[PDB]
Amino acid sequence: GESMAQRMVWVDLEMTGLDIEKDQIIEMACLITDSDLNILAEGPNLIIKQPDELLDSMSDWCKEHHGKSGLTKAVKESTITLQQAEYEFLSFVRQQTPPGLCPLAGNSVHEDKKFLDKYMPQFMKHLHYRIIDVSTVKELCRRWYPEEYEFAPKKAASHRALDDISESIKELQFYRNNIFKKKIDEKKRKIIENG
């Protein structure tokens, strides 16, 4: 019960840009973790068809980054509509999390949430309204733990959805292991009794 409710729905998107009024989702990946960040299930990892005219009018940043990663070409070749993609993700979370209870998780995942609330509303209805924003923890680490912040893992930052999810989980695990309070565990308790 409570273990299921404490799962996390990790999502990362690529979009044609940051303009919620015009830009569209072009890539989406999703992983489920337990409350302790262990990966329980890998969800769909999908490249979503969007029109040539939209791709051709992307900002230079998006043209350069989605171009060199291969994403732009893959979007043009995709046969997956937004609606079919949403169904794959919704079916996946229905198999993995109790309705309404689990949050989106990722770096600045409120941006993904803005796009998903608009373009995948039925997927979002399965989730809690709260988020696990790894970048909130990043911003607190930089302020409160500046020495530890220097040791956070370097990111490849490939702007491909599934790879970036994995780096987000690793960043949050780094914070848990380095800036949160230490606790007892099964191994430490046995040592205390032996001593």
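Think of the rigid core as the biggest set of C-alphas that the two forms share within 1.5 Å after superposition. So that there is no doubt, residue numbering starts at 1 and follows the sequence shown.
> Core-aligned, which moves more in 5 other deposited structures of this protein: 31-39 or 160-168, by CA RMS?
If we average over structures and residues in 5 other deposited structures of this protein, the farther stretch is 160-168.
> Tell me which stretch has the larger mean Cα B-factor in this entry, 33-41 or 56-64.
Taking the mean B-factor of the alpha carbons in each, 56-64 is higher.
> Where do the C-alpha atoms have the higher mean temperature factor in this entry, in 134-142 or in 157-165?
The stretch with the larger mean CA B-factor is 157-165.
> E14: which third of its chain by C-alpha temperature factor?
Its C-alpha B-factor, which the entry lists for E14, ranks in the lowest third among residues of this chain.
> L172: which third of its chain by C-alpha temperature factor?
Within its chain, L172 is a lowest-third residue by C-alpha B-factor, going by the deposited values.
> By the record's CA B-factor, is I25 among the lowest, middle or highest third of residues in the chain?
Bottom third by C-alpha B-factor.
> Where does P99 sit by CA temperature factor within its chain: lowest, middle or highest third?
Top third by C-alpha B-factor.
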